[PDB]
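Shown below, as structure tokens, is a lone chain in the form deposited in one PDB entry; questions about how it binds or moves come after it.
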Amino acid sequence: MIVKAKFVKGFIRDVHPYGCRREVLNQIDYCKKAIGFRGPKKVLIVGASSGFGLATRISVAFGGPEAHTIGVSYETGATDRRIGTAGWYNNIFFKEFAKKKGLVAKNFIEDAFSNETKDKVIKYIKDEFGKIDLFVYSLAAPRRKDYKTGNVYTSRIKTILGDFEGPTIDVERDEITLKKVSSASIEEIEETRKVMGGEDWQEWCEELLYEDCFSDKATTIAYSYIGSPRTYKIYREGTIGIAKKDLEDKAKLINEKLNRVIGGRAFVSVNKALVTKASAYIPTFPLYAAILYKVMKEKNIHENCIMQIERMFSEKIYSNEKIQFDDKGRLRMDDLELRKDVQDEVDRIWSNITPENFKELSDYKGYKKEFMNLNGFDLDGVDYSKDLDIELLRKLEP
């Protein structure tokens, strides 16, 4: 079978599994070439299979600390109709590389919202892994199940106080298109807060702390976004923004408890805009990211996931220099994105953007490549003419 990049309902149908291997290896190679940092030895990451969580895992394992890692993710493998998710394969190839380096890399392919999943991970930590010094909560989900009551909360990306309509980039068609987003009901706001707020992160932290799973002075981090006024309507001041503010509020509560009990700490890191599976489908995000890429590349300050994470750990969290938070106690990795000259240029380009000129004014090429790359496509050192053995791929284990 020769896997080709193709779309179904605006989603890539089949990832290229060996491309995913190459993309994991590219991030590992960046970390191996980096100056290096030291700090964490035993790391738990929820949402470890792709995007920021995968970069987090690769950073601590290969960027100097030689950390053992537990990854919890929800992914699916090959069926008789589907090849498996990018994250499915990322987990597998990360493990292969980590094992060769002599590192523990445990995968739990499980729903993190489950009480059952928490018990499994806690059991593994107590029995086998040893206490955790770093816990990263990097989860992006469309829904949350409350396993006790059977209730399902659905995450919706909607606006508040007024419908939205604005340009976006359709990767399937290489075109600018208008996307409509409607106002959320109070129930929809609450459900999104239930899924993408800090409740589950807080529950993980409490269960970990109280079952004696954290090392003294342990750190926990969750990831957030603030962005520019170009996206306040559909992000920061929409349903997802209300959820992220709940996440930031929970960080403060978790921080107080961890500090009191083990001298530990919790904080949100507000990261920069970039292409991941989750972000690629936020309305209008492709257009903002494409312009931002253009501006930041011209100013030599562009970063992808692995560069973001490597800088965060080596320059801010585990540095010689003391960590600096914003006035709300958040770590700011959007420090370069939200720089005044960057945002001025983004706003200026944005105002000149049309369906006819967007490829000239924005870095659509770079945006599309990063989108293709995370799905295993458009990568160097991958032979895209070679047939893949499906039986071989389906036998691979996380």
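Only residues modelled in both forms are compared. C-alpha atoms forming the largest set that superposes within 1.5 Å between two forms make up the rigid core. Note that residue numbering follows the sequence shown and begins at 1.
One more form of this protein should be noted, the form deposited in another entry, which is absent from this view; the next part is about it.
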Pick from 221, 280, 209, 184: whose Cα moves by 2 Å or more between this form and the one not shown, rigid core superposed?
280
Inter-Cα distance between residue 176 and residue 281 in the other form, nearer or further [3 Å or more]
closer
Core fitted, what stretches of 3+ consecutive residues have C-alphas moving by 2 Å or more between this form and the one not shown?
276 to 285
